[PDB]
Each structure stands twice: as structure tokens, then as C-alpha cells.
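First up is the structure itself, then whatever we jot down about it.
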Amino acid sequence: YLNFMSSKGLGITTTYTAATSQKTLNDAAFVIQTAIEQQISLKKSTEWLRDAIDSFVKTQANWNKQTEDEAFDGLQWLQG
Amino acid sequence: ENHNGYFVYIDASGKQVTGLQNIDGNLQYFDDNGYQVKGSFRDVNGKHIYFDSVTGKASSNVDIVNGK
Numbered sequence: 467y468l469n470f471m472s473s474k475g476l477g478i479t480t481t482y483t484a485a486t487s488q489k490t491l492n493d494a495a496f497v498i499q500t501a502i503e504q505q506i507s508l509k510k511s512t513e514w515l516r517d518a519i520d521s522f523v524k525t526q527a528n529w530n531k532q533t534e535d536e537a538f539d540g541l542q543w544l545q546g
Numbered sequence: 159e160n161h162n163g164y165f166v167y168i169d170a171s172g173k174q175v176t177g178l179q180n181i182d183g184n185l186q187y188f189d190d191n192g193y194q195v196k197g198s199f200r201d202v203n204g205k206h207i208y209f210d211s212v213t214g215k216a217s218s219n220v221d222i223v224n225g226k
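Sequences listed follow chains B and A, in order.
Count the first sequence with the authors' numbering and you get residues 467 to 546, in order.
Count the second sequence with the authors' numbering and you get residues 159 to 226, in order.
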């Protein structure tokens, strides 16, 4: 999440890992929150964020088909 | 030189070597204690460089970075 939002102009662009300390990630989450509230005031809308979150969510395997075991043999051929 | 199971490199100067180093045409790395890294990835500057498991020489590889 931090890396993805960073890439959209919301903070210092970051390579963060699960190995990064929890304290560091939480501090970085807040600087993104700050930047988010600024772009909400600047745009006077939250639709831009809805689309950013939706996009980010589909990036993650637990929240997309990679954890759904898509297969195409037999009638599975039609829709996966 | 080998100390505690690890390769160190001591210069013509007589100084222990850390960091990324091209020694005699081969690209290698040593951590803070001066030990050499093999079969692992290291981050120097903007580069993600793998080093070989036998030689510790920089060559191509695939890393699972985050989830991918």
C-alpha cells in the first residue's frame, strides 16, 4: 500500500518490504494520510481515492484471482 | 583471507574491505564486518544485485520482491 500510493505522487517514492520495521511503516502511513487529505481538499472529492483503492486492492493476490485457482479444463473452460 | 568461515579481502594498503568492490575484474560485496557475500541479493545505490553461490561474483537472478 505504501509503495503503491507513493507512486501516485502521495509521498517520497518508497521500496518498503515486510522486513521494514512496523514503526517505520506506520509513520510512513501517516505521511500518506496527510498527503491524501491534502488532495481531497485540493480536488474537493474522494472519487479519485475510491479508484486508487480499488486498483490497489486488485494488485494483491489474496484479493484477486491468484488465490482462486483459475482453471480451464472441462466446463471450467467457459469462465475459469 | 578466511576468518570464522568467511572470506575477507585485505588491500595492498593493509586495510580491510567493506562494500561493493570490483577486485581483479570481478564484482563482489562485503557487509559491515568485512565478510564476503555469496548466493544472496544486495542493495547498493539504485541496484538490486545478486552474487553467485560459489564465487560471490555478480550475475543475473530472479528475486521474489514483495509478493511478486
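Built from N, CA and C at the ideal position, the CB exists for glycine as well.
Straight-line Cα distance separating residue 471(B) from residue 504(B):
Here residue 504(B) refers to the residue found at position 38 of the first sequence. Here residue 471(B) refers to the residue found at position 5 of the first sequence. Rounded to whole angstroms, residue 504(B) to residue 471(B) spans 14 Å at the Cα level.
Am I right that residue 469(B) and residue 486(B) are in contact with their C-beta atoms under 8 Å? What's the rounded C-beta distance?
As a working mapping, residue 469(B) is identified with position 3 in the first sequence. As a working mapping, residue 486(B) is identified with position 20 in the first sequence. So it is not a contact: roughly 10 Å between Cβ atoms.
I'd like to know if residue 527(B) contacts chain A, where contact means its C-beta is closer than 8 Å to some C-beta of that chain.
Residue mapping note: residue 527(B) aligns to position 61 of the first sequence, counting from 1. Chain A, which has a Cβ nearer than 8 Å to the Cβ of residue 527(B), makes this yes.
Own chain partners of residue 543(B) with C-beta closer than 6 Å, once the 5 adjacent residues on each side are dropped:
Numbered from its first residue, the first sequence carries residue 543(B) at position 77. For residue 543(B), where only same-chain residues beyond five positions count, there are no Cβ hits under 6 Å.
May I ask which residues mark the beginning and end of the beta strand (DSSP E) holding residue 478(B)?
Residue numbering aside, residue 478(B) sits at position 12 when the first sequence is read from its first letter. Run containing residue 478(B): none; DSSP gives neither H nor E here.
Report the option in 203(A), 225(A), 164(A), 198(A) whose CA atom is closest to the CA atom of residue 219(A).
Stepping through the second sequence from its first residue, residue 219(A) is reached at position 61. Per the Cα distances, 198(A).
Contacts that residue 533(B) makes with chain A (C-beta to C-beta distance below 8 Å)
Stepping through the first sequence from its first residue, residue 533(B) is reached at position 67. Ordered by position in chain A, no residue passes the 8 Å Cβ test against residue 533(B), which lies about 11 Å from the chain.
Can you find a CB in chain B that lies within less than 8 Å of the CB of residue 219(A)?
Counting from one through the second sequence, the residue named residue 219(A) turns up at place 61. No, residue 219(A) lies away from the interface with chain B (no Cβ there is under 8 Å from its Cβ).
Which bits of chain A does residue 483(B) rub up against, with CB to CB less than 7 Å?
Position 17 of the first sequence holds residue 483(B). Under the 7 Å cutoff, chain A gives 224.
So who's on the other strand from residue 205(A), going by DSSP bridges?
Here residue 205(A) refers to the residue found at position 47 when the second sequence is read from its first residue. As DSSP reads the structure, residue 205(A) sits in a beta bridge with 202(A).
For a quick check, are the C-beta atoms of residue 184(A) and residue 205(A) less than 8 Å apart?
By 1-based counting over the second sequence, the position of residue 184(A) is 26. By 1-based counting over the second sequence, the position of residue 205(A) is 47. No; because the gap between Cβ atoms is not below 8 Å, this pair is not in contact.
Assign residue 527(B) to one of three DSSP states: helix, strand, or coil.
As a working note, residue 527(B) is residue 61 in the first sequence. Helix, per DSSP.
Taking just the CA atoms, how far does residue 159(A) sit from residue 167(A)?
The residue given as residue 167(A) occupies position 9 in the second sequence. The residue given as residue 159(A) occupies position 1 in the second sequence. Roughly 6 Å separates the two Cα atoms.
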